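A short write-up of the structure that comes next.
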Ligand SMILES: O=C(Cn1cnc(NC(=O)c2ccc(Cl)s2)n1)Nc1ccc(-n2ccccc2=O)cc1F
Ligand SMILES: [Ca+2]
Ligand code: NA
């Protein structure tokens, strides 16, 4: 994988480290077990519009 | 905001508004966390005393979700100067924390290298605020947003009658009458990536608003990511 193609399949941050793609996430999210997706840890994670009324 | 649209319910939840001694909004900010607001250093010289309102979409209507927070600490960039408008960035720490809720949520800070390679290379970003609706006009009572194309630095420099530093970038349109304007200053420029919005700029200055041959000038947040982290301790 390369970050230049589909962002290395990462939801958020992509880096090519030790010549290999590693995904990561902003504060308030945890990187999923699949190592690609970013899972919010709270109901108002940064950068999400507030569309579901709670 | 000149042109653009009213921001829909819940769609601009990181917007903050700095409110002066005439009780009026005079600048925007971006919510970074429960205690920290991002704004432009130059906004600090426009009022001696001010507070921060969040969760507001209509300044003439009490919706019930709005909150006003007092500022505990101002952290202005030490290299800002009004002569250059360079380093036009400040962080505010609030006396009491924000409770995130409908229309109140922080924008994400991106990692710098990825922001440069992936966010700044997008076609557009989004600017929002309660600023004037045309250059010589009055401020909007309703929160507006606008999609603004990224403009290349060489074009940006050529268009400007003032020096564009590496801490600045242009966004907007050559002739299309859409732009930010005075009153939006200090507010968010965010870039969308897969349904998540990342802070990419601060509304900084312009030669008028939506003038032909001029662009909106924004503080380049990538240049200040480590600085923001330190300011937020
Ligand atoms: O003072 C004003 C008043 N004004 C009138 N119109 C405006 N427009 C806006 O604020 C925006 C438009 C698009 C934006 Cl993004 S922000 N400012 N504008 C300027 C012009 C130039 C400068 N400037 C830039 C670099 C070095 C020195 C210097 O003075 C600052 C301003 F605030
Ligand atoms: Ca209101
Ligand atoms: Na223009």
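List of remarks:
- Under the condition of being at negative phi, crowded, with 19+ Cβ neighbours inside 10 Å and touching a helix residue (DSSP H, G or I) at 6+ places or on another chain (Cβ under 7 Å), the residues counted in the stretch A:4-34 number 3.
- Given (1) within 14 Å of another protein chain (Cβ to nearest Cβ); (2) in contact with a strand residue (DSSP E or B) (Cβ under 9 Å, 6 or more places away or on another chain); (3) more than 16 Å from ligand 3 (Cβ to nearest atom), number of the condition residue B:85 does not satisfy: (1)
Residue by residue, here is whether (1) outside any loop (DSSP other than H, G, I, E, B); (2) over 25 Å from residue B:174 (Cβ atoms); (3) more than 18 Å from the chain's Cα centre (by Cα) holds:
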| residue | (1), (2), (3) |
| --- | --- |
| B:53 | yes, yes, no |
| B:63 | no, yes, yes |
| B:74 | yes, yes, no |
| B:84 | no, no, yes |
| B:88 | no, no, no |
| B:96 | no, yes, yes |
| B:106 | no, yes, no |
| B:128 | yes, no, no |
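- Those residues of the stretch B:22-49 which are surrounded by fewer than 21 Cβ atoms within 10 Å (Cβ to Cβ), in a loop (DSSP other than H, G, I, E, B) and away from ligand 2 (no atom under 15 Å from the Cβ), in sequence order: B:22, B:33, B:34, B:35, B:46, B:47, B:48, B:49
- If you go through the stretch A:26-54 and keep only what is more than 9 Å from chain B (Cβ to nearest Cβ) and assigned to a loop (DSSP other than H, G, I, E, B), you end up with A:32, A:33, A:34, A:35, A:36, A:37, A:41.
- The single residue among B:217, B:202, B:164 that is over 27 Å from residue A:9 (Cα atoms), outside the structural domain of residue B:62 (by CATH) and touching a helix residue (DSSP H, G or I) at 6+ places or on another chain (Cβ under 6 Å) turns out to be B:164.
- Boolean, residue B:170 is in contact with a strand residue (DSSP E or B) (Cβ under 7 Å, 6 or more places away or on another chain), within 16 Å of ligand 3 (Cβ to nearest atom) and not in a strand (DSSP E or B): no
Using ideal geometry, Cβ is built from the backbone for each residue, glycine included, and neighbour counts are taken over all protein chains shown. What is reported rests on the model, the rules as stated and the sources as named; none is laboratory data.
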